[PDB]
């Protein structure tokens, strides 16, 4: 029932009334506004901290809600001083130029989790399979630059030979979905967008997610399973940085979506190629080095932050009325 819950995108007068009327301006054109601030709860107090640090009164053109999030379309420009004070406040922000249009056919591609959270996943399958150490000896040999990326994967998997299938379920359940993924999926489908995941984990997991959430496409590393045991082989191609960008371009064409109306959400160096290929890359809880390369980043919010960003283009261009 999870992908039946959208994130309502609505104007609330109560939200406006929370702020002095002076905080708002009506002179500047919404369509020329360049950035947004968003978080679970926006208060005058936070904006006074922002004002003090940036040495100016930061006016809001418009505020609305996206699920539990409150979004403010901002006057002026996002300066590095703004970024500093917003990080301190733990408010997210984004420049909204080039943000795709929810009302036109579109595609979003997400990575099922950080390569760190997939190393943990595989290390846990290994520990359950009783070869926790072999897999470790191999991860070490990859740290020495002895094995490249694919060799490390394939070799770590090979240690699982003969492991019983039910180890995969037993691990699926000890793990939590990205916060708000189900809402992100439902919301984008409501707009008629396609949703695709591409991860360096295993088809077993990604195909389950594809089932629970009705994703349109999912691609991971497929573990060969025979007689309910893992054979230790990986079928087909090993999903790499490049594979991710390829999935994005293929599906775009296949789905008949303009490249500029695609979105790629990632968190590691592994996703930069995908992100560089999409109309918009969104770093989600990524390393500061990856954040600095992405056009937009979500730092504090859940995946609903992605909808906050997309809703801004909708509201800026007045693509729809509310009720």
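Residue numbers count along the first chain shown, from 1.
In this crystal structure, the stretch out of 87 to 95 and 105 to 113 whose C-alpha atoms carry the higher mean B factor is 105 to 113. Once the C-alpha B-factors are averaged per stretch, 72 to 80 and 125 to 133 rank with 125 to 133 first. Among 163, 181, 188, 155, the highest C-alpha B-factor recorded in the PDB entry belongs to 163.
Sort the modelled residues of the chain by CA B factor and residue 287 lands in the highest third. Residue 275 sits in the middle third of its chain by CA B factor, as recorded in the PDB entry.
When all modelled residues of the chain are sorted by CA temperature factor, residue 269 is found within the highest third. Residue 48: CA B factor in the middle third of modelled residues in this chain (values from the PDB entry). In this PDB entry, residue 255 carries a Cα temperature factor that places it within the highest third of its chain's modelled residues.
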